[PDB]
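For reference, the chain that follows is the form deposited in one PDB entry, supplied as structure tokens.
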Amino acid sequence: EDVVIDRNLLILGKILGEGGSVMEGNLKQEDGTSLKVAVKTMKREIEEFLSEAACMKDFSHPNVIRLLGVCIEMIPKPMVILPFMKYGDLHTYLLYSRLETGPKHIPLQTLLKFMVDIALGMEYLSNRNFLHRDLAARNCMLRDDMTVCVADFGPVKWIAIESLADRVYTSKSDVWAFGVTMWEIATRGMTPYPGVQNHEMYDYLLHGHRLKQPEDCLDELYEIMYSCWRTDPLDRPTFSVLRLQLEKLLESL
């Protein structure tokens, strides 16, 4: 396909993360310049892979990570090629922000803009009937301009009650993972459901218990993230409704 990149245009560097592993890289480009890339390994069957990557490579949105292509080193081991992001994942960034060494205290207006950015990304993927299935702040990347894009597309405390039960997954389960992500950002990196263990989570949710309003968090913001966890998927808003709720709340500060 036009998605496959020659292994010779790619030089692999140091390991950055674990998701097999994700590496630093140089991509040699059509214009003779080299581009900083992240290279992530993957766990025939590769035809369905290449075909999915070919599909994702057509994505174009500031708040979705570009898939620049795929390499196959040879047993074939394929590798997803992505623009390198020195600011790393959101979750780590939030934790670092609570240290004096790390980034400055993040004001709420900036925390809401992270949420708007993810909403915009998920709005765009949702429209093309693409399901993420692993939305969480650890899988949102920060670009050099500090804009957030959604990533690592294709964790029980992010799985929506209907997906825990029936092994069903719709865009509305993605909306559930989005509210948990909104909570991770409002809490600046707390694990969801403190004092509840992974095995207790289905029964905790089944008895109607939800993520608790964070201490900083605005009531209006907590109403938006609470709407993402309504029992019936059909009663949850769409990403397009959510994006505009958040855009409108951000406008009023």
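We number the residues from 1 along the sequence you see.
Omitted from view is the form solved in complex with a small molecule, to which the following refers.
No residue of the trio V180, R188 and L246 has any heavy atom within 4.5 Å of the small molecule in the bound PDB entry.
The chain is drawn here without the small molecule; in the bound PDB entry, the stretch among 27 to 35, 49 to 57, 202 to 210, 219 to 227 whose residues come within 4.5 Å of it by any heavy atom is 49 to 57. Contact check for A165: every heavy atom lies farther than 4.5 Å from the small molecule in the bound PDB entry. Mapping the unseen interface onto this chain, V116 falls outside it, with no heavy atom inside 4.5 Å of the small molecule in the bound PDB entry. When contacts are judged by a 4.5 Å heavy atom cut-off, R133 counts as touching the small molecule in the bound PDB entry. Taking non-hydrogen atoms only, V148 never approaches the small molecule to within 4.5 angstroms in the bound PDB entry.
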